[PDB]
Amino acid sequence: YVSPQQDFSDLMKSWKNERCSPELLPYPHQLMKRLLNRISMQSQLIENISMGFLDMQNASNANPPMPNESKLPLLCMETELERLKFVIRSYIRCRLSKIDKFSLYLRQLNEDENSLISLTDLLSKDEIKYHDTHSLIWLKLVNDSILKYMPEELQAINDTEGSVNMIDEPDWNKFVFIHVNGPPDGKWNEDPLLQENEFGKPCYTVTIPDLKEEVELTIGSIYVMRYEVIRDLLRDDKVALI
Amino acid sequence: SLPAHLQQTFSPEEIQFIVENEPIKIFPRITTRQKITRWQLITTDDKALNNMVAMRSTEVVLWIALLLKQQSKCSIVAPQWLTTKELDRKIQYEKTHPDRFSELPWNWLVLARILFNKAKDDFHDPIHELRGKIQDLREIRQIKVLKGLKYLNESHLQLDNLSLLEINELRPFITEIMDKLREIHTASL
Amino acid sequence: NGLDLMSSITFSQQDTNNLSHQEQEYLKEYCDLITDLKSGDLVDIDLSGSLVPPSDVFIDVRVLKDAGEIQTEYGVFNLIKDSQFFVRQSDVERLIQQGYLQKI
Amino acid sequence: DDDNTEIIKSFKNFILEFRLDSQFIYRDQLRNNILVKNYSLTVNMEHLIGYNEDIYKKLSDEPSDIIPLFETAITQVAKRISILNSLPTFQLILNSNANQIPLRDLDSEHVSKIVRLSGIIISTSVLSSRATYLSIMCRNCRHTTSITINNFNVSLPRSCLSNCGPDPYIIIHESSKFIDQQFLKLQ
Amino acid sequence: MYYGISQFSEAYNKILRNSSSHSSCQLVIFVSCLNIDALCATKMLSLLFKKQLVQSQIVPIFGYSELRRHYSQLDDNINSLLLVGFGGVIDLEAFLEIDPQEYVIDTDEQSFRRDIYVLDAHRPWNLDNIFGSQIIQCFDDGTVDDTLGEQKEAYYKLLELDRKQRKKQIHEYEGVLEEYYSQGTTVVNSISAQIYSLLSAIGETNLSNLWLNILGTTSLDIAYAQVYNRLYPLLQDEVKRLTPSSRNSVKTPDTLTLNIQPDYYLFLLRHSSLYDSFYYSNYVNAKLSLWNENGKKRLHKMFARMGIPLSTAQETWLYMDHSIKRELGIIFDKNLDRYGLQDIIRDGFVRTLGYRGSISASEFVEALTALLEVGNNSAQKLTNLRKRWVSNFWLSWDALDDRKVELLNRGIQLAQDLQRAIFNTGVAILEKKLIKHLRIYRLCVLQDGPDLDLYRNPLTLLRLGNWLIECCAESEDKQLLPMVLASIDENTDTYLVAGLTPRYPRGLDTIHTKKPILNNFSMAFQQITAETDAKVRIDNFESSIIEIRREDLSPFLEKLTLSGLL
Ligand SMILES: [Zn+2]
């Protein structure tokens, strides 16, 4: 770590994985904190130079900031901050929409005792407040509008035993485009999953049980593949959603 | 995010953003070497930008290069693949092998359009010839994509060297067709 | 851009009487939820901002509706109708979103 | 044949090198037409005048002779931009903005010249068949032969190719290709 | 001598120092609408400032009242003001209530809080602005250094001079001061030429700037031929300077071509037929009197003699016979002399872009003027009309960009329709003898008829006046009386009245050539308005156009008859 370029690379890869994935990916808690702190300090910095340039100007009708080696640096600061803010905004709003889509599923996950998935890790605190408030508001709306005139036998908005399941869950077999990066950093011999093939670079192997077949993914090729069989590789950064 | 589709596919402008987030080479027309205000960037390394000398080759990110060429303080050198010779080699490779895609960079269309729009003077070859060669390549790639679309199934596909824009313009059709085929197959089990 | 929608100034997209009373209530609490989101940890980022990437530093804009002088950070814009401006994109995003400016 | 080749080349370069702003319109129209199985092309005469006046002058004075050359140029370009072949000869459709001539002002001065006029349709006939590719055999030596015809106004040879009679040849109707002809009446 | 021709550079540097900033906009340009030279100069300035990244605002204003109202709302953050197309004639400091001592923020002369630049070509200058003010600064082109030699001495020495010699001298110098005034107004130069001089001094000349300069200069041909004849050789030289190279191998879709080819005094030749070009021409109509049957018969005889069939001369220019088009020059040269139309042959500038088609400067300026004219309880009625006139400015502005060619075609069609309407009204005016020949001037009042709603715009009335003056100039009657043209608007119940100066024949010799006939209607209108409580509105930038209520027209004109100076 301790590299501002890698923070931006990680944010971009997280955003790209977020847009194309069906599920609700875990929240990178530390990266967001570091980026927000960096933005907070940087805005203060540009504000400081702006104030310093403004105050001296009015004092004794001095010349403005001399144009050479002056305007372009500060303009670059502003545009860079603008781009970074846009990227984070798009990431946050996309994940908020995905939270909206899967409210009942997340509630059922949180209510289950024997579930390793917990909302304290998968959901940010502000996202927790959003989920709780939106669920209550929607429940109030539906209860006032429709559900009050219904028999006590069926008055639940979540019914897993009815004719049609009322709790929607993510599609675990959606087809996605992936690119095979290989090892996240290097040391191709270190990775145990890598296995060499004939007259070619080492390729990963996966199995499709419903089809009952073995599929080999060669490094440097783009594939259209099921999402479930590639979850571990994406979690370990071996593959990247395009 | 939510409005105007955007749920599961990128817009062309976002693809352009990703393309402009990539390095490029330039010839500075100004000297900002430290004496014997500074850039201090937070997402890109500023070592090259701080240490600049005129009439020497350096590399920076693309959008800074466009911002500099908006003024008169830069001159972007087009990549070596943007030449008539290197394009004619790829056209021949494309003709000879009718079952594989040629090895072009994953941003060739977007980079070509951006460079033709912004840095028109920097090219050495006449620009109309290159513009014709790009169309000549695109048509053949479209023919190969049309032939390859026939082999759709429920298991997996491989598109080894397809470009980013070509993948983006074809994703919604391909994904949905294979998804429907997969549901039909799964139902019968 | 958040805001209270029908109580305050609205973009005239929707009439009051189309929505049901419960829908009108729901909209109010949803807007309040957006509001107290925007004051959360993500103060610096405008969660209700534009969703098209920035790729043009300086743009040409044209005024659609007449108005008075408006102060902006380090300057002033005079909104005389049928006049053209050449200014940075960041300053006029708000005014374009609210229909006082045209083009980009 | 030493002028027809250059004419076809000029037409193919017109199709492949015409550009306005940043799009080859006539190259894109062909590909879009081929996808929906439309074997034709529409050309505006103003673009042709702008590209090169000699090409327009060649067409304006000898239409029945020049038009088939553009017809074959189109289908030569199509097989290049579509195929790496059941593509028939394409059709050329023209648009003009010249002055309209009344029907009663048409006379012996306007023979073999392209004109533009307006009127009222009063009757439409039924579709008829015209041959384009004819398979031919001789009555005595019995060998195969072929003939290609364009509808821009031919007969079977009045001889024999290899005693046979004066003009002995019959049409093998199977393996022959035909198109659609219609007659209309104006007023 | 505030800013000479050579000095034009340093003023620019001042605008680069005070105004340029990446965090504020401090430059405002007020441009006179209903004017082509100002529009072209504003386009050039906008492109220049865009290259150097200087934030700017362009505000089109219609009259002096609009300028006065807009100046108050303007803040003190705006350090630079640019007044294009106006401001030279009037006293700006008195008009805008500018206090010199109030504007000093940089105490020391006085650097002053705000700088106002005037870029105008309407003489005579105001002596106060030229010689006595420091906040107001003007872009002079050499009028003061030569013409105003004694005026500077009189002004400064009368200011400083303020026992019998004193009384004698003060009177015989105020006499010279009043002699400077009481003179008519003309135009002696073009704004676009001065902006191009600035470009050449800085060093940013290209083909687009040259095209805009040519467009700005061409618009003065109809009213001020002398300025065009003065400025033409320099345009020819600059065209040859900026030619790309020799031996252009092939025509590619990206070539641009600016060529000096022979053209003719014909209305929209390349976008209409030949018969239409000869029919709707001011010069041909003046020389042949086409409004009646004899002129049409003479034109038919001419076309028959020249060898062009009447059927072929009515075809579109693109689809016209190639052989006739090739030999048009010889046919013109050998036949035009018999009918007195040998003056229709000239040289101009033609611009071509790829496989698109050729356009001449004259056709371009007519398309722009057509876009200006038509496009898109009485005080509100006038306000809406003025607002629409302001709105048309952006429609004309958009047509100068190469991407928007459909708007140029629309302008061409509008120009054709407008010229047809002008011809139709002119024949009615000429056949019924509506022109009344008074001793001092010639009156023409249009009270009844169709399509009087086209003449509520000053440009259309100027079109009709140019038609009538051209028709009268070639008349055998020898006189130089000014003309008055009045048009009624029923909705407002007001006459719009314009005074027009006489013009010499186009082909007449240069012995009479001088500074052209001076327009004296402004002083007469002001003199009549001051003395009587007439309900007149003098608020347009052009001082020769007024709006008078219906009831006051007949008495007011009578006073004008006794006013004099006409
Ligand atoms: Zn035989």
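How large is the charge dipole for the protein assembly as shown, taken about the Cα centre, if only the Cβ atoms of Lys, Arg (+1) and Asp, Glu (-1) carry charge, to the nearest 20 debye? Display every interim value, and only then the final one.
On the way: 142 positive and 173 negative charges, 873 e Å.
The calculated dipole for the protein assembly as shown is roughly 4200 debye.
So what are the three principal axis dimensions of region D:2-106 from its Cα atoms, in whole Å, longest to shortest?
Largest to smallest, the principal-axis extents are 50, 32, 29 Å.
When the dipole is taken about the Cα centre of region A:169-241, and only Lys, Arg (+1) and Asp, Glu (-1) are charged at their Cβ, what size is it in debye, to the nearest 20?
Value, rounded to 20: 180 debye.
Grab the DSSP H runs of chain E that are 4 residues or longer, score each as -39,500 (n - 2.57), total them, divide by all residues and round the 222 nm result to the nearest 500 deg cm²/dmol. The partial results should precede the final answer.
On the way: 21 runs with 253 residues, N = 566.
Counting only the DSSP helices, I get -14000 deg cm²/dmol.
For chain A, set up a Gaussian network in which alpha carbons nearer than 10 Å are linked by springs, and say which option among A:135, A:40, A:90 fluctuates the most.
Its mean-square fluctuation being the largest, the pick is A:40.
Please state the charge dipole magnitude for region B:7-155, taken about the Cα centre, from unit charges on C-beta atoms (+1 on K and R, -1 on D and E), reported in debye and rounded to the nearest 20. List each step's numbers first, then the result.
Values: 24 positive and 19 negative charges, 93 e Å.
Dipole of region B:7-155, to the nearest 20 debye: 440 debye.
For region E:144-251, what is the Kirkwood hydrodynamic radius in Å, using each pair of distinct C-alpha atoms?
Numbers: mean 1/r = 0.0556 Å⁻¹.
Taking the inverse mean of 1/r over all distinct Cα pairs, region E:144-251 comes out at 18.0 Å.
Most exposed first by the Cβ proxy, i.e. fewest other Cβ within 10 Å, how do A:82, E:476, D:109 rank? Don't skip to the answer; put the middle values down first.
On the way: A:82 17, E:476 4, D:109 8.
In increasing order of surrounding Cβ atoms, one gets E:476, D:109, A:82.
Evaluate Rg over Rh across region A:2-168, taking Cα atoms for both radii and Kirkwood's formula for Rh.
Values: Rg = 24.2 Å, Rh = 20.3 Å.
Ratio of gyration radius to Kirkwood radius: 1.19.
Taking springs between alpha-carbon atoms closer than 10 angstrom, which of A:212, A:140, A:98 fluctuates most in the Gaussian network model of chain A?
Of A:212, A:140, A:98, the most mobile in the Gaussian network model is A:212.
Placing +1 on the Cβ of each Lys and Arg and -1 on the Cβ of each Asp and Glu in chain C, which of C:40, C:83, C:14 has its Cα farthest towards the positive end of the resulting dipole?
Farthest along the dipole direction, towards plus: C:83.
What FRET efficiency would be calculated for the residue pair residue E:162, residue E:65, taking the C-beta separation as r and a Förster radius of 41 Å, to the nearest 0.05? Before the final figure, lay out each step's value.
On the way: r = 34 Å, r/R0 = 0.82.
According to the calculation, E is roughly 0.75.
Check cross-link reach from residue A:187 to the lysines: straight Cα distance under 24 Å, and skip same-chain residues fewer than eight apart.
Candidates past the 8-residue exclusion: A:13, A:201, A:238.
Can you compute the helix-only [θ] at 222 nm over chain D? Use -39500 (n - 2.57) per DSSP H run of at least 4 residues, normalise by all residues, nearest 500 deg cm²/dmol.
Details: 5 runs with 61 residues, N = 187.
That comes out to -10000 deg cm²/dmol.
Can you give the helix-only mean residue ellipticity at 222 nm for chain A, where every DSSP H stretch with n ≥ 4 adds -39500 (n - 2.57) and the sum goes over all residues, rounded to the nearest 500 deg cm²/dmol? Can you show the working numbers first?
Values: 7 runs with 118 residues, N = 242.
-16500 deg cm²/dmol, from helical runs alone.
For chain E, what does the alpha-carbon gyration tensor say about shape, rounded, prolate or oblate, given a ≥ b ≥ c as the root eigenvalues, a/c under 1.5 as rounded, and a/b over b/c as prolate? Can you show the working numbers first?
Working: a/c = 1.74, a/b = 1.26, b/c = 1.38.
Judged from the Cα gyration tensor, chain E comes out oblate (a/c at least 1.5, b/c at or above a/b).
Within straight cross-link reach of residue A:212, meaning Cα distance under 19 Å, which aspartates and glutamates are found once same-chain residues fewer than 8 apart are removed?
A:228, A:232, B:154, B:179, B:183
Which net charge results for the neighbourhood of residue B:53, defined as the other residues with beta-carbon distances under 12 angstrom from its beta-carbon, given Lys and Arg at +1 and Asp and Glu at -1?
+3
Using only the alpha carbons, work out the radius of gyration and Dmax of region B:2-189 in angstrom.
21.2, 78
D for chain C, whole µm²/s, Stokes-Einstein with Kirkwood Rh over alpha-carbon pairs at 37 °C and 0.692 mPa s: what number?
Numbers: Rh = 16.1 Å.
Roughly 204 µm²/s, to the nearest whole number.
Send over the Kirkwood Rh of chain D, from the inverse of the averaged 1/r over different Cα pairs, rounded to one decimal Å.
Numbers: mean 1/r = 0.0506 Å⁻¹.
One over the average 1/r among Cα pairs gives 19.8 Å for chain D.
Neighbour counts of other C-beta atoms within 10 Å: give me A:20, E:25 arranged from fewest to most.
Values: A:20 19, E:25 24.
Ordered from fewest to most neighbouring Cβ atoms within 10 Å, A:20, E:25 come out as A:20, E:25.
Under a Cβ-Cβ cut-off of 15 Å, what is the net charge of the residues other than residue E:252 that fall near it, where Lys and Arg count +1 and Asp and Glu count -1? Mind showing how you got there, number by number?
Numbers: positive: B:120, B:131, B:133, D:19, E:247, E:251, E:356; negative: B:125, B:129, D:17, D:21, E:254.
Neighbourhood net charge equals +2.
Once both labels are modelled 7 Å past Cα along the beta-carbon direction, what's the residue E:145-residue A:207 spacing in nm?
Inter-label distance under the simple model: 9.5 nm.
Between residue E:424 and residue D:179, what is the spin-label point distance in nm, taking each point 7 Å from the Cα along the Cα→C-beta axis?
So the two model labels end up 4.7 nm from each other.
Please arrange D:14, B:116, E:95 by how many other C-beta atoms lie within 10 Å of their C-beta, fewest to most. Write out the running numbers ahead of the final one.
On the way: D:14 20, B:116 17, E:95 13.
Fewest-to-most ranking of D:14, B:116, E:95: E:95, B:116, D:14.
With bins 10 Å wide starting at 0, give me the P(r) of the protein assembly as shown over every alpha carbon pair, in whole percents.
1, 6, 12, 15, 16, 16, 14, 10, 6, 3, 1, 0, 0, 0, 0
Efficiency by 1/(1 + (r/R0)^6): what FRET value for residue B:187 and residue A:168, r their Cβ-Cβ distance, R0 = 25 Å, to the nearest 0.05? Intermediate values should be presented prior to the final figure.
Values: r = 19 Å, r/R0 = 0.75.
The value I calculate is 0.85.
Using a Förster distance of 41 Å, how high is the FRET efficiency between residue A:46 and residue A:181, based on the Cβ-Cβ distance and rounded to 0.05? Display every interim value, and only then the final one.
Values: r = 36 Å, r/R0 = 0.87.
It comes to 0.70.
So for region A:169-241, Kirkwood radius off the Cα pairs, Stokes-Einstein at 37 °C and 0.692 mPa s: how many µm² s⁻¹?
Here the translational diffusion coefficient equals 255 µm²/s.
So what's region B:112-182 giving for Rg/Rh, alpha carbon basis, Kirkwood Rh from the mean inverse pair distance? Write out the running numbers ahead of the final one.
Numbers: Rg = 16.6 Å, Rh = 14.7 Å.
We get a ratio of 1.13 for region B:112-182.
Tally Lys and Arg at +1 and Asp and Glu at -1 over the other residues with C-beta under 14 Å from the C-beta of residue D:67: what net charge comes out? Walk me through the intermediate numbers first.
On the way: positive: D:58, D:113; negative: D:61, D:62, D:65, D:71.
Value of the local net charge: -2.
With the cut-off at 25 Å, tell me which of the pairs B:47/E:51; E:436/E:478; B:118/B:144; B:73/E:251; E:50/E:404 have Cα atoms farther apart than that. Numbers along the way, then the final one.
Details: B:47/E:51 28 Å; E:436/E:478 16 Å; B:118/B:144 31 Å; B:73/E:251 33 Å; E:50/E:404 20 Å.
Violating the 25 Å Cα-Cα cut-off are B:47/E:51; B:118/B:144; B:73/E:251.
Each reported figure results from applying straightforward, stated rules to the coordinates on display, with no laboratory input. Here the Cβ is made from the backbone with ideal geometry for all residues, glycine too, and neighbour counts use every protein chain on show.
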